[PDB]
$ cat protein11.txt   # compact mmCIF, C-alpha atoms and all ligand atoms
# COMPACT_ATOMS: atom_id res chain seq x y z
CA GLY I 1765 78.03 101.50 94.00
CA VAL I 1766 80.82 102.25 91.55
CA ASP I 1767 80.40 100.99 87.98
CA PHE I 1768 83.92 99.62 87.67
CA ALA I 1769 83.38 98.37 84.13
CA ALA I 1770 82.70 101.98 83.20
CA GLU I 1771 85.75 103.23 85.07
CA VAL I 1772 88.02 101.28 82.69
CA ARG I 1773 88.45 103.90 80.00
CA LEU I 1774 91.44 105.76 78.58
CA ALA I 1775 90.92 109.21 77.11
CA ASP I 1776 90.95 108.93 73.33
CA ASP I 1777 93.77 111.49 72.98
CA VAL I 1778 96.22 109.12 74.69
CA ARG I 1779 97.68 107.44 71.64
CA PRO I 1780 101.12 106.77 70.18
CA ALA I 1781 102.90 109.66 68.51
CA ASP I 1782 104.51 109.19 65.13
CA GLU I 1783 107.74 108.27 66.96
CA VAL I 1784 107.42 105.40 69.44
CA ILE I 1785 110.49 104.43 71.46
CA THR I 1786 110.13 101.06 73.19
CA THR I 1787 113.48 100.82 75.03
CA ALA I 1788 115.46 103.20 77.21
CA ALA I 1789 119.06 102.07 77.20
CA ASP I 1790 121.37 104.82 78.44
CA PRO I 1791 118.55 107.29 79.10
CA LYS I 1792 119.44 110.97 79.41
CA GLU I 1793 116.18 112.34 80.92
CA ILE I 1794 113.95 110.32 83.25
CA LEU I 1795 110.63 111.17 84.88
CA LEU I 1796 110.07 109.52 88.29
CA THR I 1797 106.82 109.89 90.21
CA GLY I 1798 106.66 109.13 93.92
CA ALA I 1799 110.31 109.96 94.58
CA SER I 1800 109.35 111.54 97.92
CA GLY I 1801 108.09 108.14 99.17
CA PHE I 1802 109.45 104.76 100.26
CA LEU I 1803 110.10 102.81 97.08
CA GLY I 1804 110.62 106.08 95.23
CA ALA I 1805 113.66 107.02 97.26
CA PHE I 1806 115.25 103.70 96.32
CA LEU I 1807 114.18 103.98 92.68
CA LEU I 1808 115.81 107.40 92.61
CA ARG I 1809 119.01 106.02 94.14
CA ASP I 1810 119.13 103.08 91.73
CA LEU I 1811 118.57 105.29 88.69
CA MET I 1812 121.50 107.38 89.87
CA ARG I 1813 123.61 104.21 90.06
CA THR I 1814 122.45 102.60 86.81
CA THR I 1815 122.21 105.54 84.39
CA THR I 1816 123.88 108.86 83.68
CA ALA I 1817 120.46 110.51 83.30
CA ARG I 1818 118.94 113.54 84.93
CA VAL I 1819 115.95 112.38 86.97
CA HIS I 1820 112.97 114.75 86.97
CA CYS I 1821 111.00 114.05 90.15
CA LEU I 1822 107.32 115.01 90.27
CA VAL I 1823 106.83 116.33 93.81
CA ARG I 1824 103.95 118.26 95.42
CA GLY I 1825 104.75 121.49 97.22
CA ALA I 1826 104.45 125.23 97.50
CA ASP I 1827 107.65 125.91 95.55
CA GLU I 1828 110.57 123.98 94.08
CA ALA I 1829 112.84 124.71 97.05
CA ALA I 1830 110.30 123.38 99.55
CA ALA I 1831 109.61 120.35 97.35
CA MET I 1832 113.34 119.69 97.03
CA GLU I 1833 113.70 119.77 100.84
CA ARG I 1834 110.84 117.29 101.15
CA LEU I 1835 112.49 114.95 98.64
CA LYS I 1836 115.80 115.36 100.48
CA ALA I 1837 114.40 114.77 103.95
CA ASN I 1838 112.63 111.62 102.77
CA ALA I 1839 115.83 110.28 101.19
CA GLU I 1840 117.78 111.14 104.34
CA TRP I 1841 115.25 109.30 106.51
CA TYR I 1842 115.69 106.22 104.34
CA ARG I 1843 119.44 106.87 104.43
CA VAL I 1844 119.89 106.98 100.66
CA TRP I 1845 120.38 110.71 100.09
CA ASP I 1846 124.14 110.28 100.43
CA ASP I 1847 123.93 107.85 97.51
CA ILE I 1848 122.05 110.39 95.36
CA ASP I 1849 123.71 113.05 93.20
CA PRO I 1850 121.67 116.24 93.84
CA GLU I 1851 123.08 117.81 90.67
CA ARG I 1852 121.14 115.13 88.75
CA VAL I 1853 117.91 115.66 90.68
CA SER I 1854 115.44 118.05 89.04
CA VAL I 1855 112.27 118.83 90.97
CA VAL I 1856 109.14 119.09 88.82
CA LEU I 1857 106.50 120.86 90.92
CA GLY I 1858 103.17 119.19 90.24
CA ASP I 1859 100.41 116.90 91.45
CA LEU I 1860 99.28 113.52 90.20
CA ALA I 1861 95.72 114.49 91.17
CA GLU I 1862 95.37 117.46 88.87
CA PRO I 1863 95.14 117.95 85.13
CA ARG I 1864 98.37 117.51 83.18
CA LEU I 1865 100.05 116.66 86.47
CA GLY I 1866 99.64 120.21 87.66
CA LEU I 1867 102.28 121.35 85.22
CA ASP I 1868 102.25 124.50 83.13
CA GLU I 1869 102.24 124.18 79.35
CA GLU I 1870 105.96 124.77 78.94
CA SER I 1871 106.88 122.06 81.47
CA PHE I 1872 104.35 119.50 80.26
CA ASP I 1873 105.41 119.94 76.62
CA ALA I 1874 109.12 119.81 77.44
CA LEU I 1875 108.83 116.64 79.50
CA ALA I 1876 106.53 115.07 76.93
CA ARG I 1877 109.10 115.79 74.21
CA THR I 1878 112.35 115.00 76.04
CA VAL I 1879 111.87 112.41 78.79
CA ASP I 1880 113.27 109.10 77.56
CA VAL I 1881 111.41 106.86 80.05
CA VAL I 1882 108.89 107.21 82.87
CA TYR I 1883 108.86 105.29 86.17
CA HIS I 1884 105.31 105.78 87.43
CA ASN I 1885 105.71 104.84 91.09
CA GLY I 1886 103.74 107.60 92.82
CA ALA I 1887 100.30 106.83 94.16
CA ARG I 1888 98.19 107.48 97.25
CA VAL I 1889 98.52 104.36 99.41
CA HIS I 1890 95.78 104.47 102.04
CA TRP I 1891 94.26 101.22 103.22
CA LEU I 1892 90.86 102.67 104.15
CA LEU I 1893 90.00 105.51 101.75
CA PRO I 1894 87.32 104.60 99.17
CA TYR I 1895 87.99 104.27 95.48
CA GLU I 1896 86.21 107.55 94.76
CA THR I 1897 88.71 109.51 96.84
CA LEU I 1898 91.80 107.76 95.45
CA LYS I 1899 90.74 107.86 91.79
CA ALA I 1900 92.25 111.26 91.01
CA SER I 1901 95.78 110.35 92.19
CA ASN I 1902 95.83 106.69 91.27
CA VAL I 1903 93.71 106.36 88.13
CA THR I 1904 93.44 109.79 86.53
CA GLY I 1905 97.02 110.48 87.60
CA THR I 1906 98.07 107.34 85.78
CA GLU I 1907 96.16 108.43 82.70
CA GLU I 1908 97.97 111.80 82.92
CA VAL I 1909 101.34 110.09 83.16
CA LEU I 1910 100.44 107.97 80.14
CA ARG I 1911 99.32 111.12 78.31
CA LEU I 1912 102.68 112.78 78.92
CA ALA I 1913 104.69 109.73 77.94
CA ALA I 1914 102.70 109.26 74.75
CA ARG I 1915 102.45 112.82 73.51
CA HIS I 1916 104.86 114.29 70.91
CA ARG I 1917 107.29 111.37 71.23
CA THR I 1918 106.06 108.12 72.81
CA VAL I 1919 108.39 106.65 75.42
CA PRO I 1920 107.99 103.71 77.79
CA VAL I 1921 106.19 103.84 81.13
CA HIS I 1922 107.20 101.49 83.94
CA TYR I 1923 104.21 101.32 86.28
CA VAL I 1924 104.44 100.10 89.86
CA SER I 1925 101.44 97.98 90.84
CA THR I 1926 100.56 95.40 93.49
CA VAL I 1927 99.91 91.67 93.63
CA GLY I 1928 96.80 92.78 95.54
CA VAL I 1929 94.93 93.29 92.28
CA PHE I 1930 94.27 89.54 92.43
CA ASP I 1931 91.27 88.16 94.32
CA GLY I 1932 93.00 85.13 95.66
CA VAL I 1933 94.16 82.13 93.69
CA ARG I 1934 92.76 81.14 90.30
CA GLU I 1935 93.17 77.39 90.83
CA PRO I 1936 94.06 76.19 94.35
CA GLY I 1937 97.76 75.69 94.85
CA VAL I 1938 98.66 77.09 91.42
CA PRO I 1939 100.85 80.21 91.58
CA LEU I 1940 99.14 83.23 90.06
CA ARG I 1941 100.50 84.04 86.60
CA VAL I 1942 101.15 87.45 85.15
CA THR I 1943 98.54 86.68 82.48
CA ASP I 1944 95.85 85.50 84.88
CA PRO I 1945 92.68 87.59 85.18
CA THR I 1946 92.73 90.15 87.97
CA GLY I 1947 89.90 91.47 90.10
CA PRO I 1948 87.02 91.82 89.68
CA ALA I 1949 87.29 95.21 91.43
CA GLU I 1950 84.24 94.45 93.58
CA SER I 1951 86.04 91.43 95.05
CA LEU I 1952 89.02 93.49 96.21
CA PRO I 1953 88.79 94.54 99.84
CA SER I 1954 89.97 98.17 99.67
CA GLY I 1955 89.44 101.27 97.63
CA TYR I 1956 93.21 101.37 97.28
CA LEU I 1957 93.48 97.96 95.64
CA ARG I 1958 90.47 98.82 93.47
CA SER I 1959 92.21 101.96 92.25
CA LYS I 1960 95.32 99.97 91.31
CA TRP I 1961 93.16 97.44 89.52
CA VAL I 1962 91.51 100.20 87.52
CA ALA I 1963 94.90 101.75 86.71
CA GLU I 1964 96.10 98.39 85.39
CA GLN I 1965 92.98 98.08 83.25
CA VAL I 1966 93.49 101.59 81.93
CA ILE I 1967 97.04 100.55 81.11
CA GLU I 1968 95.78 97.51 79.22
CA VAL I 1969 93.86 99.89 76.95
CA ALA I 1970 97.02 101.92 76.44
CA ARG I 1971 98.87 98.75 75.54
CA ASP I 1972 96.14 97.78 73.10
CA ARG I 1973 96.69 101.13 71.37
CA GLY I 1974 100.39 100.47 70.86
CA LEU I 1975 101.73 102.34 73.90
CA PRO I 1976 104.76 100.79 75.61
CA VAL I 1977 103.85 100.19 79.28
CA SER I 1978 105.44 97.62 81.62
CA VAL I 1979 103.79 96.73 84.95
CA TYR I 1980 105.52 95.46 88.08
CA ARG I 1981 103.12 94.00 90.64
CA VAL I 1982 104.89 94.20 94.00
CA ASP I 1983 104.11 92.38 97.23
CA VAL I 1984 104.85 93.72 100.74
CA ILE I 1985 108.06 95.77 100.81
CA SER I 1986 110.35 95.57 103.82
CA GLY I 1987 113.49 97.46 104.62
CA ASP I 1988 116.70 97.71 102.64
CA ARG I 1989 119.34 95.10 103.35
CA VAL I 1990 122.08 97.62 104.19
CA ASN I 1991 120.47 99.91 106.75
CA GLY I 1992 117.13 98.21 107.34
CA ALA I 1993 115.28 101.39 106.40
CA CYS I 1994 111.53 100.81 105.97
CA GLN I 1995 108.22 102.61 106.09
CA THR I 1996 106.40 102.37 109.37
CA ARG I 1997 102.75 101.79 108.47
CA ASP I 1998 102.47 98.31 106.95
CA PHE I 1999 100.68 95.23 108.20
CA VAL I 2000 103.84 93.27 108.98
CA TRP I 2001 105.59 95.73 111.26
CA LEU I 2002 102.45 97.07 112.88
CA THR I 2003 101.54 93.44 113.67
CA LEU I 2004 104.92 92.90 115.32
CA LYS I 2005 104.69 96.33 116.97
CA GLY I 2006 101.29 95.44 118.41
CA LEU I 2007 102.63 92.18 119.84
CA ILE I 2008 105.52 94.10 121.42
CA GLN I 2009 103.08 96.60 122.92
CA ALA I 2010 100.72 93.90 124.15
CA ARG I 2011 103.81 92.16 125.61
CA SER I 2012 102.11 88.90 124.63
CA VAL I 2013 101.02 86.72 121.74
CA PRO I 2014 98.01 84.46 121.33
CA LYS I 2015 98.73 80.79 121.95
CA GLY I 2016 98.57 78.37 119.06
CA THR I 2017 98.51 81.10 116.42
CA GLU I 2018 100.81 80.81 113.39
CA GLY I 2019 101.24 82.71 110.14
CA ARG I 2020 103.95 84.12 107.92
CA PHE I 2021 105.22 87.25 106.17
CA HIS I 2022 106.75 87.26 102.70
CA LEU I 2023 109.26 90.10 103.11
CA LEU I 2024 110.60 91.79 99.98
CA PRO I 2025 113.46 94.21 100.68
CA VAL I 2026 112.91 97.61 99.11
CA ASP I 2027 116.37 97.70 97.50
CA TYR I 2028 115.59 94.44 95.77
CA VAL I 2029 112.37 95.92 94.43
CA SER I 2030 114.05 99.09 93.15
CA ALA I 2031 116.91 97.18 91.55
CA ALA I 2032 114.53 94.66 90.00
CA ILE I 2033 112.20 97.22 88.48
CA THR I 2034 114.99 99.34 87.09
CA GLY I 2035 116.98 96.30 85.98
CA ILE I 2036 114.09 94.60 84.22
CA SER I 2037 113.24 97.93 82.54
CA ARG I 2038 116.55 97.75 80.64
CA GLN I 2039 116.65 94.00 79.94
CA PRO I 2040 115.76 93.13 76.33
CA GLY I 2041 112.29 92.01 75.43
CA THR I 2042 110.64 93.17 78.65
CA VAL I 2043 108.86 96.33 77.49
CA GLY I 2044 105.11 95.99 77.44
CA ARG I 2045 105.08 93.01 79.81
CA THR I 2046 103.90 92.51 83.37
CA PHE I 2047 106.13 91.11 86.13
CA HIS I 2048 105.52 89.78 89.66
CA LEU I 2049 107.92 90.82 92.45
CA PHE I 2050 107.25 88.43 95.31
CA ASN I 2051 109.39 86.51 97.79
CA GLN I 2052 108.60 82.80 97.77
CA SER I 2053 110.41 82.61 101.11
CA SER I 2054 108.81 83.82 104.29
CA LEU I 2055 109.40 84.38 108.00
CA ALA I 2056 106.83 82.53 110.13
CA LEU I 2057 105.04 84.50 112.83
CA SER I 2058 106.57 82.17 115.41
CA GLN I 2059 110.03 82.89 113.97
CA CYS I 2060 109.53 86.64 114.31
CA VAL I 2061 108.31 86.22 117.89
CA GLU I 2062 111.29 84.03 118.75
CA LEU I 2063 113.63 86.59 117.19
CA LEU I 2064 112.00 89.42 119.15
CA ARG I 2065 112.24 87.38 122.35
CA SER I 2066 115.96 86.90 121.70
CA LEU I 2067 116.30 90.68 121.37
CA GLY I 2068 114.84 91.03 124.86
CA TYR I 2069 111.16 91.68 124.21
CA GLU I 2070 108.58 90.18 126.56
CA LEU I 2071 106.09 88.19 124.48
CA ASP I 2072 104.20 85.82 126.78
CA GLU I 2073 101.89 83.25 125.21
CA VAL I 2074 98.30 83.79 126.36
CA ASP I 2075 94.83 82.73 125.33
CA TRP I 2076 93.21 84.46 122.37
CA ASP I 2077 90.57 86.27 124.46
CA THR I 2078 93.05 87.60 127.01
CA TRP I 2079 95.24 88.78 124.13
CA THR I 2080 92.50 90.51 122.16
CA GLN I 2081 91.27 92.27 125.29
CA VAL I 2082 94.81 93.63 125.74
CA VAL I 2083 94.93 94.81 122.12
CA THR I 2084 91.47 96.41 122.22
CA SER I 2085 92.10 98.10 125.57
CA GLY I 2086 93.85 101.00 123.79
CA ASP I 2087 97.15 102.29 122.35
CA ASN I 2088 97.95 99.20 120.32
CA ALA I 2089 99.01 99.27 116.67
CA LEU I 2090 97.14 96.00 115.99
CA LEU I 2091 93.70 97.22 117.11
CA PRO I 2092 92.55 98.36 113.61
CA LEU I 2093 94.19 95.24 112.12
CA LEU I 2094 92.75 92.58 114.41
CA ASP I 2095 90.41 91.28 111.72
CA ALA I 2096 93.26 91.08 109.21
CA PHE I 2097 95.55 89.45 111.74
CA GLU I 2098 92.89 86.84 112.48
CA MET I 2099 92.24 86.12 108.83
CA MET I 2100 95.96 85.84 108.09
CA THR I 2101 96.59 83.41 110.93
CA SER I 2102 93.45 81.32 110.61
CA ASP I 2103 93.87 80.78 106.83
CA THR I 2104 97.41 81.77 105.94
CA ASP I 2105 97.55 79.96 102.61
CA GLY I 2106 94.31 81.69 101.67
CA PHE I 2107 95.59 85.04 102.92
CA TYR I 2108 98.82 84.84 100.87
CA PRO I 2109 98.00 83.25 97.50
CA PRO I 2110 101.01 81.75 95.73
CA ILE I 2111 102.47 84.09 93.09
CA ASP I 2112 104.40 83.03 90.01
CA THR I 2113 107.70 84.91 89.61
CA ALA I 2114 109.33 82.84 86.88
CA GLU I 2115 109.30 85.63 84.30
CA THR I 2116 110.97 87.82 86.94
CA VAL I 2117 113.78 85.43 87.83
CA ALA I 2118 114.34 84.81 84.12
CA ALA I 2119 114.51 88.49 83.24
CA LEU I 2120 116.98 89.07 86.09
CA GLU I 2121 119.22 86.15 85.09
CA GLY I 2122 122.82 87.35 85.25
CA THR I 2123 122.04 90.85 86.55
CA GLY I 2124 123.49 90.16 89.99
CA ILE I 2125 120.03 91.06 91.37
CA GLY I 2126 118.45 88.77 93.94
CA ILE I 2127 116.23 88.69 96.98
CA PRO I 2128 118.29 88.59 100.17
CA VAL I 2129 117.84 85.71 102.53
CA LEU I 2130 115.58 86.57 105.48
CA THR I 2131 118.22 86.06 108.11
CA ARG I 2132 118.31 86.79 111.81
CA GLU I 2133 120.78 89.57 110.98
CA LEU I 2134 118.41 91.11 108.45
CA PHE I 2135 115.54 90.97 110.90
CA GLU I 2136 117.65 92.53 113.60
CA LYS I 2137 118.62 95.35 111.26
CA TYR I 2138 114.92 95.96 110.61
CA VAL I 2139 114.10 96.17 114.31
CA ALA I 2140 117.18 98.26 114.98
CA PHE I 2141 116.08 100.77 112.38
CA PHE I 2142 112.61 101.15 113.87
CA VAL I 2143 114.04 101.42 117.40
CA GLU I 2144 116.52 104.12 116.41
CA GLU I 2145 113.81 106.02 114.51
CA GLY I 2146 111.38 105.80 117.44
CA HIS I 2147 108.83 103.55 115.75
CA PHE I 2148 109.51 100.43 117.85
CA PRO I 2149 110.00 100.66 121.63
CA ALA I 2150 113.31 99.42 122.96
CA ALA I 2151 113.40 95.98 124.56
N1 LIG I 2201 104.41 97.63 100.44
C1 LIG I 2201 104.45 98.67 99.58
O1 LIG I 2201 104.90 99.73 99.99
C2 LIG I 2201 103.93 98.45 98.24
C3 LIG I 2201 103.90 99.50 97.40
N2 LIG I 2201 103.41 99.37 96.09
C4 LIG I 2201 103.37 100.51 95.17
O2 LIG I 2201 104.60 101.24 95.37
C5 LIG I 2201 104.45 102.52 94.88
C6 LIG I 2201 105.15 103.26 95.98
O3 LIG I 2201 104.24 103.27 97.07
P1 LIG I 2201 105.09 103.45 98.55
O4 LIG I 2201 106.43 103.95 98.19
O5 LIG I 2201 104.87 102.09 99.20
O6 LIG I 2201 104.07 104.49 99.34
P2 LIG I 2201 104.62 105.97 99.74
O7 LIG I 2201 103.34 106.46 100.38
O8 LIG I 2201 105.87 105.86 100.60
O9 LIG I 2201 105.03 106.74 98.36
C7 LIG I 2201 103.88 107.35 97.83
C8 LIG I 2201 104.37 108.37 96.82
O10 LIG I 2201 103.26 108.82 95.93
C9 LIG I 2201 103.38 110.11 95.90
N3 LIG I 2201 102.06 110.75 95.72
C10 LIG I 2201 100.81 110.36 96.22
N4 LIG I 2201 99.81 111.14 95.80
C11 LIG I 2201 100.42 112.09 95.03
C12 LIG I 2201 99.93 113.17 94.34
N5 LIG I 2201 98.58 113.47 94.33
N6 LIG I 2201 100.78 113.98 93.57
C13 LIG I 2201 102.08 113.63 93.56
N7 LIG I 2201 102.71 112.63 94.19
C14 LIG I 2201 101.82 111.85 94.92
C15 LIG I 2201 103.86 110.61 97.43
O11 LIG I 2201 104.21 111.90 97.36
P3 LIG I 2201 103.92 112.88 98.86
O12 LIG I 2201 105.27 112.71 99.51
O13 LIG I 2201 103.61 114.25 98.22
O14 LIG I 2201 102.78 112.08 99.47
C16 LIG I 2201 104.98 109.60 97.57
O15 LIG I 2201 106.12 110.08 96.84
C17 LIG I 2201 102.96 102.79 94.83
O16 LIG I 2201 102.56 102.77 93.41
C18 LIG I 2201 102.31 101.58 95.51
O17 LIG I 2201 101.11 101.20 94.89
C19 LIG I 2201 102.92 98.13 95.67
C20 LIG I 2201 102.91 97.11 96.46
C21 LIG I 2201 103.44 97.11 97.81
$ encode --input "protein11.txt" --output "structure tokens"
Amino acid sequence: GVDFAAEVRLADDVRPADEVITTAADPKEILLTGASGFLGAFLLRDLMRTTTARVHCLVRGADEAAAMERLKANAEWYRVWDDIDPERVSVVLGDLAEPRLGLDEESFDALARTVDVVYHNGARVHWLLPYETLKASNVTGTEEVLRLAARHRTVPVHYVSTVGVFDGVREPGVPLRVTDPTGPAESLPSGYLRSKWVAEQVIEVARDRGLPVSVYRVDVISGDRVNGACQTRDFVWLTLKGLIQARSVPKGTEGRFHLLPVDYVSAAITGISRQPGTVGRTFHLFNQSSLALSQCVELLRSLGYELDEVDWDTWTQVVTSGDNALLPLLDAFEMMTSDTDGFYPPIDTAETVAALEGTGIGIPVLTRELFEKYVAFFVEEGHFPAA
């Protein structure tokens, strides 16, 4: 068993420099981690649109040219590369899982001295791996990012977290507040969520030492509202994919999905990060609105997919018979449908709506058109079968 109370520690060298900058209006040099991933591609695009800064992107790879091509191909898959200015993209070859982010002395020192703000979005998101395996990327990597931001000149870190650090609701029916206790780690169902919980706790120590660190706890991210571009391996779309594959759905089974478009998340995080009086605070990004499971099924039926209603046993035997995206998620699908309110605790977002007042930034409505864009993206990219 992991002693999670002992895992909450920040190396004593991670402390504010003599100069501490708490805002980053009009930044000139930005460090972004996780730019070769889903949210990171949209964070990169939005920083291009909302600053004039060069964006140093920490990317793993053999050499800068190969890392650049990885970053590019990811952005092209999400259909945002055309919105990015490559002349403002600077690849920083490194690794969240190794000391000083895998940088050499010259690069570490130069970024520590000159980056105006850090968006710490990179992490290893694996729903099964144990905490011990994810610690280096997700916890120690966060400590290393904090080390870099703090050293020489202290600049703000904007850390992407998850509403999953909560173990359900504090008081029934009361939306979870940004100040509410999280964890305990042992109550969280995955090593991944436990690693994010530890990172947050490490960040609380940094905050207690005077280091400027904002935290954005994000819920499930769905595709962008323009092209529908979305990662493939999340519970929502694998659930719907499984139903499509099984060509059926269990009778009398209802649930919901709180979809949060990725381009809302990127715009919100970057937008809040410039709003006044937000540095050092924690924010919840969560869509109060949802699409019911029955709504998704009806929408898929209207697109031409065969989804016959069958008894639970017949359905689960189809799913467990092989080649079905839901098979490893059957337990989660059953928990979500049998106690949906328990599965999706209410989340308070008032601080988030207030900070975004007047920014033009808002969650899109979950329309039929939006849903159809989502399915169309997966069908074109080969992730969903055609109807
Ligand atoms: N539904 C969601 O997607 C949600 C996401 N989040 C948070 O969003 C952030 C983005 O995750 P998401 O975009 O979803 O997942 P992705 O897997 O798409 O992005 C993960 C990113 O982390 C980077 N990364 C992982 N390990 C390392 C490493 N050792 N060294 C350097 N870079 C590394 C990956 O780089 P490479 O390409 O080299 O793997 C990739 O750029 C994460 O902090 C996650 O916790 C929170 C809540 C919900």
$ closest_residue --input "protein11.txt" --among "I:1890, I:1793, I:1832, I:1779" --to "residue 1874 (chain I)" --atoms "all atoms listed in the file"
I:1793
$ closest_residue --input "protein11.txt" --among "I:1931, I:1908, I:1767, I:1782" --to "ligand LIG 2201 (chain I)" --atoms "only C-alpha atoms and all ligand atoms"
I:1908
$ residues_around --input "protein11.txt" --residues "region 2087-2091 of chain I" --least-positions-apart "5" --cutoff "7 Å" --atoms "only C-alpha atoms" --output "number ranges by chain"
I: 2002-2003, 2005-2006, 2009
$ atom_distance --input "protein11.txt" --atom1 "atom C17 of ligand LIG 2201 (chain I)" --atom2 "CA of residue 1924 (chain I)"
5.8 Å
$ residues_around --input "protein11.txt" --residues "residue 1886 (chain I)" --least-positions-apart "2" --cutoff "7 Å" --atoms "only C-alpha atoms" --output "PyMOL selection string"
chain I and resi 1797-1798+1884
$ residues_near_ligand --input "protein11.txt" --ligand "ligand LIG 2201 (chain I)" --cutoff "7 Å" --atoms "all atoms listed in the file" --output "PyMOL selection string"
chain I and resi 1797-1804+1822-1824+1858-1861+1885-1889+1901+1924-1927+1960+1981-1985+1995+1998
$ atom_distance --input "protein11.txt" --atom1 "CA of residue 2128 (chain I)" --atom2 "CA of residue 2064 (chain I)"
20.0 Å
$ residues_around --input "protein11.txt" --residues "residue 2127 (chain I)" --least-positions-apart "2" --cutoff "12 Å" --atoms "only C-alpha atoms" --output "VMD selection string"
chain I and resid 1985 to 1989 2022 to 2032 2049 to 2054 2113 2116 to 2117 2120 2124 to 2125 2129 to 2131 2134
$ closest_residue --input "protein11.txt" --among "I:2012, I:1878, I:2034, I:1991" --to "residue 2144 (chain I)" --atoms "only C-alpha atoms"
I:1991
$ atom_distance --input "protein11.txt" --atom1 "CA of residue 2097 (chain I)" --atom2 "CA of residue 2148 (chain I)"
18.8 Å
$ axis_aligned_box --input "protein11.txt" --around "region 2072-2084 of chain I" --padding-each-side "3 Å" --output "JSON"
{"center_x": 97.4, "center_y": 89.6, "center_z": 124.6, "size_x": 19.6, "size_y": 19.7, "size_z": 10.9}
$ closest_residue --input "protein11.txt" --among "I:1912, I:1957, I:2083, I:1848" --to "residue 1893 (chain I)" --atoms "all atoms listed in the file"
I:1957
$ closest_residue --input "protein11.txt" --among "I:2093, I:1979, I:1962, I:2004" --to "residue 2059 (chain I)" --atoms "only C-alpha atoms"
I:2004
$ residues_around --input "protein11.txt" --residues "residue 1778 (chain I)" --least-positions-apart "2" --cutoff "10 Å" --atoms "only C-alpha atoms" --output "number ranges by chain"
I: 1774-1776, 1780-1781, 1907-1915, 1969-1970, 1973, 1975
$ closest_residue --input "protein11.txt" --among "I:2013, I:1788, I:1994, I:1903" --to "residue 1919 (chain I)" --atoms "all atoms listed in the file"
I:1788
